[PDB]
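Single-structure report; data block below.
2 protein chains.
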Amino acid sequence: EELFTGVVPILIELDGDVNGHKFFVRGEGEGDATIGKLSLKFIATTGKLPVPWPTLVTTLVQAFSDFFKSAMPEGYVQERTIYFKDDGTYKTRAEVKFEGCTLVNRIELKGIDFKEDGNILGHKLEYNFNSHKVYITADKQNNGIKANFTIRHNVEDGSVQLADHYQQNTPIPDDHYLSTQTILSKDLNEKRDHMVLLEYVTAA
Amino acid sequence: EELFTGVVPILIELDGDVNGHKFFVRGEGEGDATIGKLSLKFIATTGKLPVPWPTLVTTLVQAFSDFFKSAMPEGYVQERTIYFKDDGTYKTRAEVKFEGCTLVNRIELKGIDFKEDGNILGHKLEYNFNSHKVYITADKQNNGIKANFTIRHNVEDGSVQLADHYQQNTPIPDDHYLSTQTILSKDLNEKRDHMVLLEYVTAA
Numbered sequence: 005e006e007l008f009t010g011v012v013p014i015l016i017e018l019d020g021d022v023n024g025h026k027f028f029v030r031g032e033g034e035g036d037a038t039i040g041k042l043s044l045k046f047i048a049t050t051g052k053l054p055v056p057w058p059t060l061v062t063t064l068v069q070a071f072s082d083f084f085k086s087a088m089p090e091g092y093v094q095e096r097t098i099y100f101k102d103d104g105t106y107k108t109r110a111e112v113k114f115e116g117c118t119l120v121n122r123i124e125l126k127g128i129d130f131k132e133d134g135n136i137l138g139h140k141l142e143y144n145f146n147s148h149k150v151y152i153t154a155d156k157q158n159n160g161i162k163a164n165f166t167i168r169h170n171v172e173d174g175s176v177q178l179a180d181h182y183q184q185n186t187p188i196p197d198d199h200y201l202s203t204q205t206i207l208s209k210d211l212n213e214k215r216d217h218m219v220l221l222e223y224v225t226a227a
Numbered sequence: 005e006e007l008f009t010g011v012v013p014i015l016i017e018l019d020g021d022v023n024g025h026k027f028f029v030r031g032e033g034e035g036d037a038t039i040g041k042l043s044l045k046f047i048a049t050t051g052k053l054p055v056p057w058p059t060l061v062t063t064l068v069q070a071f072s082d083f084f085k086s087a088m089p090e091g092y093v094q095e096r097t098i099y100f101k102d103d104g105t106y107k108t109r110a111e112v113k114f115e116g117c118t119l120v121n122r123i124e125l126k127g128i129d130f131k132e133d134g135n136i137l138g139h140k141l142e143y144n145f146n147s148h149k150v151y152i153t154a155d156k157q158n159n160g161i162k163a164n165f166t167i168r169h170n171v172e173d174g175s176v177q178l179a180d181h182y183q184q185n186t187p188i196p197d198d199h200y201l202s203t204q205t206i207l208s209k210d211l212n213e214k215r216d217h218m219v220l221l222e223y224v225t226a227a
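These protein sequence lines are chains A and A', in that order. A prime marks a further copy of an entry chain.
Letter by letter, the first sequence follows residues 5 to 64, 68 to 72, 82 to 188, 196 to 227 of PDB author numbering.
Letter by letter, the second sequence follows residues 5 to 64, 68 to 72, 82 to 188, 196 to 227 of PDB author numbering.
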């Protein structure tokens, strides 16, 4: 927790493969646990993203709110299976840890079997992200924590795309809620496909 | 230099003794070497300061501009003798180094023999600070660097108070200039005696 008594630089790196569409996203910014504030800018370095930006926000640092903080500097592994309803599945594996002074989130993401001309691959989701409390329980078989939550993404037409997340975390914890509010925006001077992201994370 | 590729929190601690008037100043803020920006707030924790705030600015992180950067994380010792003309002398010894992620500047300062009802002890200096280039040479007898510079503080009446600094730095470097521009201000909501300080440091 010593490390989170102020502003911390963040580097995020996502190597992704969705139906054979590979891409690399680099995120940069800072987090401040004293106020729970995350400010990040992400760049789809490899051209247009084959999936909607909102579908990657949960994959792209719960430390900035404590099992997450006390795992540092060594860090924690975050594994996750994200089922999109009537559609394919992300599988993700990430290490969150300190390198130098810069909390790094390094992620591998594999997306398998989703409809072309569907909400994800057809880019039919609105550029926003809505917040519900997440239940973080002890997972004492793996000496860590687990959580299960669904996420509602709004669709262009008016429908909703559900995305059921299952996640585990282990190092390299009494039950509690974690709430995350998220604004997504664009830099006006940025030519590249990108996402500006602002998050506030608190714990009940 | 790895450590200075972004924002870094700064804790400064000055234990001072001037003509037997003891005091402790705590500084907090951040530095960014990529742009050379220093933003600090200092609190005279022990009541009214027996000396003018501008006389302590040089004592209260040349790292944020490289001998200073490459000495990290271990850090460097900064020793200095500040002769005020027709008046007393500060003697200072400080360690600059990383503790956790927070570059710390810990200083001891002893001020000896100055007139009461003089510019320093009588508080006759204007609340500002003026910048001239500082010559940083190699000091190969002590395996470090040295510098000699005077500073002009403006006096209430219109006169000037010269303050001749002699300094040495060694760890725990081709010759070059270092320029530092400084604004001093007050927080409007701060009841305690304090100094807000904003500095830009560059190297020619």
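Even for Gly, the Cβ is constructed at its ideal location relative to N, Cα and C.
Residue nearest to residue i in terms of C-alpha spacing, selected from the options
i	options	result
A:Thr118	A':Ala226, A':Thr225, A':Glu142, A':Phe8	A':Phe8
A:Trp57	A:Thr186, A:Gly160, A:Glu132, A:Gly20	A:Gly20
A':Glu95	A':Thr38, A':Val150, A':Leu201, A':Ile123	A':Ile123
A':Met88	A':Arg109, A':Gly116, A':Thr97, A':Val61	A':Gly116
A':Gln177	A':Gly51, A':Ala226, A':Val93, A':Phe145	A':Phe145
A':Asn23	A':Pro13, A':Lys131, A':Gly91	A':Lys131
A:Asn159	A:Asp133, A:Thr186, A:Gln204, A:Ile16	A:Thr186
A:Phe83	A:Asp197, A:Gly127, A:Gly40, A:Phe27	A:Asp197
residue 195 of chain A	A:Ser202, A:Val12, A:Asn212	Shown without residue 195 of chain A, the model has chain A running from 188 straight on to 196.
A':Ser175	A':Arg215, A':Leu211, A':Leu141, A':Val93	A':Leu141
A:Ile161	A:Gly33, A:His169, A:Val150, A:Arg168	A:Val150
A:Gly35	A:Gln183, A:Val120, A:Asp133	A:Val120
A':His139	A':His169, A':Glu222, A':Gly10	A':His169
A':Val55	A':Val11, A':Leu42, A':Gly134, A':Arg109	A':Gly134
A':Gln184	A':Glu222, A':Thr50, A':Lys156, A':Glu32	A':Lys156
A:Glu32	A:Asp102, A:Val12, A:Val93, A:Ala163	A:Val12
A':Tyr223	A':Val93, A':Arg215, A':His148, A':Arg109	A':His148
A:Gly10	A:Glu213, A:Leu42, A:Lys101	A:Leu42
A:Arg109	A:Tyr182, A:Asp102, A:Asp129	A:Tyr182
A':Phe27	A':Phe100, A':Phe114, A':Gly127, A':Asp102	A':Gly127
A:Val93	A:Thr50, A:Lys101, A:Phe114, A:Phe100	A:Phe114
Proximal chain A residues relative to residue i, where beta-carbon distance stays under 7 angstroms
i	result
A':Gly116	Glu6, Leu7
Whole-number beta carbon distance between residue j and residue i, since they are thought to touch under 8 angstroms
i	j	result
A':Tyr106	A':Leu125	6 angstroms
A:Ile98	A:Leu44	Contact doesn't hold; Cβ gap of about 19 angstroms is too wide.
residue 194 of chain A'	A':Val112	Residue numbering in chain A' jumps from 188 to 196; residue 194 of chain A', which lies between, is not modelled.
A:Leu137	A:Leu60	Not quite, the Cβ-Cβ distance comes to about 14 angstroms (not below 8 angstroms), so this is no contact.
A':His217	A':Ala37	Actually they do not touch by this definition, with Cβ atoms about 25 angstroms apart.
A':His199	A':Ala226	6 angstroms
A':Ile188	A':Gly91	5 angstroms
A:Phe71	A:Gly104	Rounded, the Cβ-Cβ distance is 30 angstroms, inconsistent with contact.
A':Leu211	A':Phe46	Contact doesn't hold; Cβ gap of about 16 angstroms is too wide.
A':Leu207	A':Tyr143	6 angstroms
A':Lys85	A':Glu5	5 angstroms
A:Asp180	A:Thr205	Not really, about 18 angstroms apart at Cβ, beyond 8 angstroms.
Anything in the segment 7 to 21 of chain A with a Cβ closer than 9 angstroms to a Cβ of chain A'? List those residues in chain order, please. Contacts with chain A' (Cβ-Cβ distance below 9 angstroms) from the segment 7 to 21 of chain A involve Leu7, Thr9, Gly10, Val11, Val12, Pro13, listed in chain order.
Within 8 angstroms of chain A by C-beta, residues of the segment 22 to 49 of chain A' in sequence order: Answer set for the segment 22 to 49 of chain A': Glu34.
What are the start and end residues of each continuous beta strand (DSSP E) run of 3 or more residues lying completely inside the segment 91 to 115 of chain A, in chain order? For the segment 91 to 115 of chain A, whole beta strand (DSSP E) runs of length 3 or above, ordered along the chain, are 92 to 100, 105 to 115.
Pick out the complete alpha helix (DSSP H) segments inside the segment 14 to 50 of chain A, 4 residues or longer, and give them in chain order. List check, alpha helix (DSSP H) in window: nothing returned.
Give, in chain order, every unbroken run of the beta strand (DSSP E) that is at least 3 residues long and sits entirely within the segment 112 to 152 of chain A'. Assignment of beta strand (DSSP E) within the segment 112 to 152 of chain A', counting only whole runs of 3 or more residues, yields 118 to 128 in chain order.
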